[PDB]
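For reference, the structure discussed in these notes is given below.
What follows draws every value from the coordinates through simple rules; no lab data is involved. So basically every Cβ, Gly included, is an ideal-geometry build from the backbone, and we count neighbours across all protein chains shown.
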Number of protein chains: 2
Amino acid sequence: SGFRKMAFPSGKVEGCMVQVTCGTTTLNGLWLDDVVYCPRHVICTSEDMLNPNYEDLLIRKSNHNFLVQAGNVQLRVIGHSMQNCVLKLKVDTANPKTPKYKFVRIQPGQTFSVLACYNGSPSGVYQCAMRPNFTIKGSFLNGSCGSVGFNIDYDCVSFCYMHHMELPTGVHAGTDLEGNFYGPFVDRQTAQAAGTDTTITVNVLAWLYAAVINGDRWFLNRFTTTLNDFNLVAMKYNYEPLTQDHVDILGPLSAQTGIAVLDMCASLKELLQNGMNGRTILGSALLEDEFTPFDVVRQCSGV
Amino acid sequence: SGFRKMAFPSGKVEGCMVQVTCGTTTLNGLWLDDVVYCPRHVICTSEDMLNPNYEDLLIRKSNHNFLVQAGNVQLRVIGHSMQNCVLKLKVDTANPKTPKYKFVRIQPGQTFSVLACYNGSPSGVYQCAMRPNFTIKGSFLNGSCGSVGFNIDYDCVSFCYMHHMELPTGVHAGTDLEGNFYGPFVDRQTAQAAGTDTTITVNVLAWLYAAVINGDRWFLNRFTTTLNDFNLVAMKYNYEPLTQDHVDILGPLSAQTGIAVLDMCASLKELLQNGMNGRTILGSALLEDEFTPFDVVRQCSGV
Ligand SMILES: *[C@H](O)[C@H](C[C@@H]1CCNC1=O)NC(=O)[C@H](CC(C)C)NC(=O)OCc1ccccc1Cl
Ligand SMILES: *[C@H](O)[C@H](C[C@@H]1CCNC1=O)NC(=O)[C@H](CC(C)C)NC(=O)OCc1ccccc1Cl
């Protein structure tokens, strides 16, 4: 028992992190087979960074412009290309620690683990949710670009995020591993705003189910509501609408607890209208929306 | 920028996790050099578990009673001994992935990363604080015993925790890697209660400094108080007393923000008396005490 925000063990990804240097800029790269992937803005200089023409910048580079370092061993670059906002550096050595992997793009509301890295060296691991506005609430300092986000599924690493930038609100933006940004962001030193965000309703309900499984029951009630009536409450509090497929995804949790989804929605309605009255749920005094139904099932099956 | 509860990258510990089986009981072990460490209650049966005599139980075992498995490779046990509540199984192969390591016992209020494991296979990673009452608030299911807690410091892994049990309140208890319990707990199937807990004051103040560094300033005020006057407020709200050494540990954070510790204590005093009035600090609606000053400095130096 217990419920904790939990990252995937990071070992398989740690074995893939390298350091990529171009000029005076150094960031992280991801070394899979004989290709290193990193943010293309490593080829920027202090003048280009406001609005650089990356095709021009890459044409003016040669393989020897790129210093790649796998710990102490220097890797020899034998080719370079651009794929959207990611640079691909072909190297003369296949990474012997390459796991089984996929490049996957995730949906808003889904979670992944971030391995924060600096100078090719992993520093920490934590869980992030892709917000509805395509930002993540991370912890990134200078030198963290090229850190990746991932999920693990039977020894296969599904990479879904590479870090590129921070926004003025302190949230973070990046690309998939094909180099395509999540959200309407671009890789240059401009003041970019994320769209308005919303709360991930299905995740809040999953977390309420986690709470029941772990013994927090004070917010439950005898009431049940309808899908249409709940979605009216959801719009008023800036929550996403609940779909029938969401009810179906929550099926296993509703089954394990014996609490119908629309029974739990009545509890959420009262929580939104009344607050918590000084009480906590799973150690929080606000409603948490960064746990997926999958995340909850992962920790709550044996309880 | 951003501030997130962050675990250490788990790769060095992942390479040490094995599965230990004795009879029908299976849990995790920690394989360092040619010794595997695991909870001694793996040698219990369904009848002994209420109050077993472990010296008797181990005398009645032989090396072939222990099935050790490093993934698919079976490890041959060539010796066994007991050290307090930990069993030490000597094996015929030194773990080639053994990191530089220490066995360290941590103090209440300090944090560590937990690598949750099942059947020798790592499942997730998260951060825990040792509570003043020597429990941790983890996430552990059946089969998780032998999972370890650790910190990493320049490629040296300091192991500080091995998991043994869950208490009726849903919190967790275990030993150091010498097999000595944290707290007044024993490894048997009895209903054990933890002592009353208290809030780790120095950690709350460190987290308030993290908040300022990240731009949360609404709780600040022009007031300053004295150490003696703050500690009177601390006792009323079940907070630990603040010592001069705590003020000194917070020195770097006070320096970086230009906010004296006793200036921040005045803010904490008002927060304790008035609450938050619907506002949040670093995404929380309660005062967080599981971040050490060290944890904060790790994420807040570049900001
Ligand atoms: C890459 O390492 C870096 C990550 C930033 C640095 C601070 N926190 C982060 O997440 N990306 C950038 O610096 C990015 C470069 C442009 C894409 C060319 N710019 C950016 O994020 O602008 C904001 C910024 C830049 C420097 C320091 C702090 C901040 Cl907020
Ligand atoms: C070891 O794997 C196990 C870890 C428990 C299992 C559920 N959550 C945990 O943290 N330890 C024990 O089962 C321990 C054995 C005795 C030390 C001999 N007993 C225990 O924790 O009692 C409580 C218990 C036991 C089984 C299931 C649930 C719970 Cl709460």
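Would a scan of segment A:131-140 turn up a residue that is within 8 Å of ligand 1 (Cβ to nearest atom) and within 11 Å of chain B (Cβ to nearest Cβ)? Write out each step before concluding.
Restricting attention to segment A:131-140, the residues satisfying the condition of being within 8 Å of ligand 1 (Cβ to nearest atom) are A:138, A:140.
Adding the requirement that they be within 11 Å of chain B (Cβ to nearest Cβ) leaves A:138, A:140.
Yes - at least one qualifying residue is present in segment A:131-140.
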- Query: How many of the residues making up segment B:216-237 are surrounded by fewer than 12 Cβ atoms within 10 Å (Cβ to Cβ) and of a type in the set (V, I, T)?
  - Reply: 1
- Item | Residue list for segment A:252-297, restricted to those being of a type outside the set (A, V, I, L, M, F, W, C), crowded, with 16+ Cβ neighbours inside 10 Å and touching a residue at least 60 places away in the same chain (Cβ under 8 Å) | A:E288, A:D289, A:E290, A:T292, A:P293, A:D295
- Query: Quick check: anything in segment A:147-166 within 16 Å of ligand 1 (Cβ to nearest atom), within 13 Å of A:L30 (Cβ to Cβ) and in a loop (DSSP other than H, G, I, E, B)?
  - Reply: yes
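Suppose we filter B:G183, B:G143 for residues that are on the phi > 0 side of the Ramachandran plot and either more than 10 Å from chain A (Cβ to nearest Cβ) or in a strand (DSSP E or B) (or both); which single one remains? Lay out the reasoning, then the answer.
Numbers: B:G143 fails: either more than 10 Å from chain A (Cβ to nearest Cβ) or in a strand (DSSP E or B) (or both).
So the residue among B:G183, B:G143 that is on the phi > 0 side of the Ramachandran plot and either more than 10 Å from chain A (Cβ to nearest Cβ) or in a strand (DSSP E or B) (or both) is B:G183.
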- Query: With respect to the numbered conditions (1) away from chain B (no Cβ under 14 Å); (2) not in a helix (DSSP H, G or I), which one is the sole condition not fulfilled by A:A255?
  - Reply: (2)
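Residue-wise test of (1) of a type in the set (A, V, I, L, M); (2) within 14 Å of chain A (Cβ to nearest Cβ); (3) within 16 Å of ligand 2 (Cβ to nearest atom); (4) assigned to a strand (DSSP E or B).
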position: B:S123; (1), (2), (3), (4): no, yes, yes, yes
position: B:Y126; (1), (2), (3), (4): no, yes, yes, yes
position: B:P168; (1), (2), (3), (4): no, yes, yes, no
position: B:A191; (1), (2), (3), (4): yes, no, yes, no
position: B:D197; (1), (2), (3), (4): no, yes, no, no
position: B:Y209; (1), (2), (3), (4): no, no, no, no
position: B:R217; (1), (2), (3), (4): no, yes, no, no
- Message: Testing A:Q69 on (1) surrounded by fewer than 22 Cβ atoms within 10 Å (Cβ to Cβ); (2) part of a helix (DSSP H, G or I), one condition comes back false. Which one is that?
- Response: (2)
- Query: If A:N84 passes every condition in (1) crowded, with 18+ Cβ neighbours inside 10 Å; (2) on the phi > 0 side of the Ramachandran plot but one, which one does it miss?
  - Reply: (1)
- Going through segment A:1-52 one residue at a time, which ones are more than 9 Å from chain B (Cβ to nearest Cβ), in a loop (DSSP other than H, G, I, E, B) and more than 21 Å from A:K102 (Cα to Cα)? A:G23, A:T24, A:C44, A:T45, A:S46, A:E47, A:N51, A:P52
